[PDB]
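Quick setup: one chain, the form deposited in one PDB entry, written in structure tokens, and binding and motion questions come after.
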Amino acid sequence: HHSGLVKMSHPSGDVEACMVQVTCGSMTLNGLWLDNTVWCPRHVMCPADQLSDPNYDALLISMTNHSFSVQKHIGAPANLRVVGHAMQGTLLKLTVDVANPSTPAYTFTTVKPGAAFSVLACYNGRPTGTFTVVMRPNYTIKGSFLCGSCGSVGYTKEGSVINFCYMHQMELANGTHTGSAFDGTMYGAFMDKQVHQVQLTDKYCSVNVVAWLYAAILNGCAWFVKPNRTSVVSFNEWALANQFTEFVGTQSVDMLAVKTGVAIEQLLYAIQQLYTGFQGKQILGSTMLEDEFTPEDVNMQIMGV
């Protein structure tokens, strides 16, 4: 029995119309054009020779407006003249002389561990694919990004408003990815330099595991549900010892508890038992806990909320 769950991304058209190519000398990557501003990773200013110890303050001072070339390729082609430049953290903010006529309603936000967002992967200012990821507890994402993908953007949508939350910067040694928020801070403790970096330990996202167990119940799969219960306080002490995030309930989780009639605390107990092993059984086709689906995913895709 198929769960009705898929990895669902937002339709990408609104964001496709904002993607541009940014070139600075021997470097090219993607940028995001909103109003009269183009955002892109600041390492577009770095010669590949110096990526391991760049002085971005000196690189920035060495640039003029004419140092940058901004091009839109798709749909409504355009070469955009740069008329100002500035650095904010790990991003450049270029000012251009034409306002994007397809600028959507938008905000900038930071995404939290366990939360999902959509990514528009782009190369040379051309969108090539879209996928959805969850921000991991160690502030990486399990993406699919190759050389040239930097400046690809991640976002959520509330109504018609696009909430931009990620601009792609780098791949870590274990194959995961990270990037910047639009305040210019890198997610986690990462730096935008080509150097070995401590990567922090990942954890299971407890709230998303709970969501997935509710999805199982909503599909008629509830063998793992018992009367037994573990309190949030007791579960969270256990989680710190067992590489789980601490559980924080939300209204979205509460809606799943009400729909199914199964208490959160019953599923916190189930998680503790299932972590020790599924004893040969499956849940929604899986022999391991799944934490890549959020309570909101389950509410939307299964309950139509």
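Each form is matched to the other, and the largest set of C-alpha atoms that superpose within 1.5 Å is called the rigid core. In this text, residue numbers run from 1 along the sequence as written.
Among the other PDB entries of this protein that were compared and that flank it with modelled residues, residue 151 is modelled in all, so it is never left out in a third of them. Notably, residue 75 is an intermittent gap: at least a third of the other compared entries of this protein, restricted to those modelling both its neighbours, have no coordinates for it. Stretch comparison (142-150 versus 97-105) by mean CA B-factor in the PDB entry places 97-105 on top. In this entry, the higher average B-factor at the C-alpha atoms falls on 78-86, of the pair 151-159 and 78-86. The PDB entry assigns its highest CA temperature factor, among 30, 64, 245, 36, to 64. Set against one another, the Cα B-factors of 130, 206, 176, 201 in the record reach their highest point at 201. Ranked by Cα temperature factor within the chain, residue 288 sits in the highest third according to the deposited record. Placement of the Cα temperature factor of residue 40 within the chain: lowest third of the modelled residues, per the deposited record.
Compared with the other modelled residues of the chain, the Cα B-factor recorded for residue 182 ranks in the lowest third. Among the modelled residues of the chain, residue 214 sits in the middle third by CA temperature factor in this PDB entry.
Sort the chain's modelled residues by C-alpha temperature factor and residue 235 lands in the highest third, per the entry.
Below: the form deposited in another entry, not depicted.
For residue 56, a C-alpha deviation below 2 angstroms is recorded between the shown form and the other one after rigid-core alignment. The Cα shift for residue 285 between the shown form and the other one, taken after rigid core superposition, is 2 angstroms or larger.
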